[PDB]
Amino acid sequence: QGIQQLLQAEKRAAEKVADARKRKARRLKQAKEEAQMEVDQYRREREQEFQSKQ
Amino acid sequence: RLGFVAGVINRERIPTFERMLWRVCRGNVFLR
Amino acid sequence: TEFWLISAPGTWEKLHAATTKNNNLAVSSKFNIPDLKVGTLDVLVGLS
Amino acid sequence: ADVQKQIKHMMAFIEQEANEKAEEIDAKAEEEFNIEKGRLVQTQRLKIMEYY
Amino acid sequence: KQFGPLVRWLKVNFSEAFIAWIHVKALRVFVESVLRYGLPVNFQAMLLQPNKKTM
């Protein structure tokens, strides 16, 4: 009567440690494609210094 | 995450088994 | 000289003052302790 | 009565482990955030420096 | 010459040693009070004071 209560709270914790996987990895796919803003940024800084030399 | 082990013990030692288990584990255990 | 050291959780922090009502036994001062970080079970028992 | 106390102390423990071990991953989700962004900006900048 | 430096070495160290001896008791009473008793957030803390020949 308590063992069915025992594992289902632990089974809730299995989704809570899965929430750590769906937050860190979601941050990681975000961070890798936020580094493509670095691509669009410095190409502007390129054409700033490649027009005064052109 | 984990937490299973089961086995066999004689019936004549079960009362002193659960009392010694309650003492050295300091609570936090479930025995049925 | 000996000393004694007992904690009694279960207000309940007025019930230790009811143990100060046992004036024949001890004086029963507080010794307040600040909170420490929790966040473990396994190496916590191994710590003891 | 006593065994219901021993359960609920452990139910506090298993959710405390779930709250803590997610938090070290949450600390890993921030510490690996600032060093992978700082690295991939550099490897982008090293490529454009050769193109510079 | 060394007697003065000896007693001032004992007085600063054993005072630090005895303070460390109390601090390991505060750690040891912090543990096992969350095991024998519950942990909603924190155990209800109190301590005591000595007794002779009514112990």
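Residues numbered from 1 in each chain as written, not as in the entry; some residues may be left out. Chains lettered and ligands numbered in written order. Part of a larger assembly, values for the part shown. Heavy atoms only, no water. Residues with missing side-chain atoms left out of burial classes, pairs and counts.

Method-wise, the PDB entry is recorded as coming from cryo-EM, at a reported resolution of 3.37 Å.

Per the PDB entry, chain D goes by V-type proton ATPase subunit E 1 and derives from Bos taurus. The record deposited in the PDB is entitled "Cryo-EM structure of V-ATPase from bovine brain, state 1".

The PDB entry annotates chain C as V-type proton ATPase subunit C 1 originating from Bos taurus.

Enquirer: Help me understand the overall build of chain C in this model?
Expert: Looking only at helices and strands, one finds 1 helix and 0 strands in chain C. By principal-axis analysis of the C-alpha atoms, chain C measures approximately 40 × 30 × 15 Å. Burial analysis of chain C (48 residues in total) assigns 15% to the buried set. Put simply, chain C shows about 4100 Å² of open surface, and 60% of that area lies on carbon and sulfur atoms. In chain C, 4 positive and 4 negative side-chain charges are present, and the distance between their average locations comes to 12 Å. (Helix = DSSP H or I, 4+ residues; strand = E, 2+ residues; numbered from the N terminus. Buried < 20%, exposed > 50% of the residue type's maximum accessible area, 1.4 Å probe, protein only. Areas by Shrake-Rupley, 256 points an atom, 1.4 Å probe, with all protein chains shown as cover. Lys, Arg positive; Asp, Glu negative; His and termini not counted. Charge placed at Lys NZ, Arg CZ, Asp CG, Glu CD.)

Enquirer: What is the right way to read the interface of chain C and chain E from this model?
Expert: In many analyses, interface size is given as the accessible surface area lost on bringing the parts together. Listed by partner, the interface residues are 27 residues for chain C and 20 residues for chain E. Looking at the side of chain C that touches chain E residue by residue, the classes come out as 17 nonpolar, 7 polar and 3 charged. (Contact = heavy atoms within 4.5 Å. Nonpolar A, V, L, I, M, F, W, Y, C, P; charged D, E, K, R; others polar.)

Enquirer: I tried to follow the pattern of salt bridges on my own but got confused; where do I start?
Expert: Between side chains of opposite charge, a pair can form as their charged atoms come close. Between B:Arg26 and E:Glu32 there is a salt bridge whose closest N-O contact spans 3.0 Å. Of this pair, B:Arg26 sits in the segment after α1 (14-24) while E:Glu32 is found in the segment after α1 (3-30), placing the two residues in two different chains. With a closest N to O distance of 3.4 Å, E:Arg36 and E:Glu32 form a salt bridge. Here the salt bridges do not stand alone but share partners, grouping B:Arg26, E:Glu32 and E:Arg36 into one network. (Salt bridge = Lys/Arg side-chain N within 4 Å of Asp/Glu carboxyl O.)

Enquirer: Looking at this structure, how should I read the packing of helix α1 (residues 3-34) of chain A against helix α1 (residues 2-51) of chain D?
Expert: Two packed helices can be described by the angle between their axes and the distance between those axes. Running from N to C, α1(A) and α1(D) point in directions that differ by 5 degrees, and their axes come no closer than 9 Å. In this view, α1(A) runs roughly parallel relative to α1(D), as classed from their interaxial angle. Only D:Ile14, D:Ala18, D:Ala22, D:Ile25 and D:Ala29 of α1(D) make contact with α1(A), whose side of the interface consists of A:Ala13, A:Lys16, A:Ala20 and A:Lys24. In terms of residue class, the contact of α1(A) with α1(D) is built from 7 nonpolar, no polar and 2 charged. (Axes fitted to C-alpha atoms, helices over the stretch in contact; angles between N-to-C directions. Parallel < 35°, antiparallel > 145°, perpendicular 65-115°, else oblique.)

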